């Protein structure tokens, strides 16, 4: 992808995370589990829902449209009516197929951006109290319980609280 997270440095997805598009998996002495990031998932849901509604909205309701009849001495008019009907159909098929293709590419990049931004949010909070071990995972240089994990999932990780213990283990 454009942002390198989905199918990138995070190789695969999580079937165990059923409640959201993006989230966290934690492991400490109290256990492990998946937790969807509700804020980013809901924001993405609102944006994607708006994108689909915009696509439907931009297409007007097709009111009644039937064919016309022409006698043997109106071939030119019949061919012009056919040329008009064929030409409009060419454009709308072209417009519809391209719009889906282009918006599909943007949607995948949009999800890729959200994963990367979520990863960067955690990295900036942890700083040198944890180490990047690849695959989008961090190994803490200190004990991090469920309360500490929740402070990472939301925006309130306390870096100065664990700096001393992390420094000793980082050595």
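Positions refer to the first chain, counted from 1.
- Between 103-111 and 130-138, the higher mean Cα B-factor belongs to 130-138.
- Look at the mean CA B-factor for 9-17 and for 154-162 in the entry; the higher one is 154-162.
- Per the deposited coordinates, the residue with the largest Cα temperature factor out of 58, 143, 116, 51 is 143.
- Ranked by C-alpha B-factor against the other modelled residues of its chain, residue 63 falls in the highest third.
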